[PDB]
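Cβ placement follows ideal geometry from the backbone for every residue including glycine, while neighbour counts extend to all protein chains displayed. Taken together, the values in this text are just the output of simple stated rules run on the coordinates, not laboratory data.
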Amino acid sequence: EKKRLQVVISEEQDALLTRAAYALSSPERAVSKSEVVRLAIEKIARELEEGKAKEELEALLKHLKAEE
Amino acid sequence: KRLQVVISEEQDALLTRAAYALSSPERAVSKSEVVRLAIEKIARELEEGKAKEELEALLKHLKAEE
């Protein structure tokens, strides 16, 4: 009922992840880095389904692959 | 350098579909690449202060389902 995932990430990506977790978190609600990942996956699935971001997503993707 | 994340079967299905959508015969986009993309995209969205309520609602639903 739960899938496990393994991702290697860049120092830039790790810093972005940490900053996002703190931004979403509050004294009332804690957001782990894992929860930011699950949220990012849902949010991007919505944008892909709603068909408005795929051009920007492709520019972001092309730069990401070039760095890798 | 490496990260391990526990994700839902529904979330895994969403990741798989996203990986295939971004991919083409010319370019392969792995699930790991979709996660890197997704982290970058959500950081950008936090920066512009847009869909803060959408992000928090998705977060509330995500946590309820955990």
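At a glance:
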| item | result |
| --- | --- |
| Built amide H within the under 5 Å cut-off of A:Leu5, gap 5+ | B:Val5, B:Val6, B:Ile7 |
| Computed [θ] at 222 nm, helices only, for chain B once each DSSP H run of length n ≥ 4 contributes -39500 (n - 2.57) | -23000 deg cm²/dmol |
| Anchor A:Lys2: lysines whose Cα lies under 25 Å away (excluding residues fewer than 8 positions away in-chain) | A:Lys33, A:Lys43, B:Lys1, B:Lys31, B:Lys41, B:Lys60, B:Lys63 |
| Unit charges on C-beta of K, R, D, E only; dipole of chain B, Debye | 320 |
| A:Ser25 long-range amide H proximity, modeled H, under 5 Å | A:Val31 |
| Gyration tensor verdict on the protein assembly as shown (Cα atoms; rounded if a/c is under 1.5, prolate if a/b is larger than b/c, oblate otherwise) | rounded |
| Charge sum, other residues only, whose C-beta stays under 12 Å from A:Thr18's C-beta, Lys/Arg counted +1 and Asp/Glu -1 | -1 |
| Alpha carbon centroid spacing (whole Å) that separates the range B:16-66 from the range A:12-34 | 14 |
| ³J(HN,Hα) computed for each position of the range A:5-14 - Karplus, 6.51 cos²θ - 1.76 cosθ + 1.60, integer Hz, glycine/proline x | 9, 10, 9, 8, 9, 7, 4, 4, 5, 5 |
| Two-site label geometry, A:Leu64 and A:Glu50: point separation in nm, points 7 Å out along Cα→Cβ | 1.9 |
| Rounded to whole Å, sorted largest first: equivalent-ellipsoid semi-axes of chain B, Cα gyration tensor | 23, 16, 12 |
| Residue-wise HN-Hα coupling along the range A:35-47, computed from phi with Karplus coefficients 6.51, -1.76, 1.60 (Hz; x: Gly, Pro) | 5, 5, 5, 4, 5, 4, 4, 4, 5, 5, 4, 5, 5 |
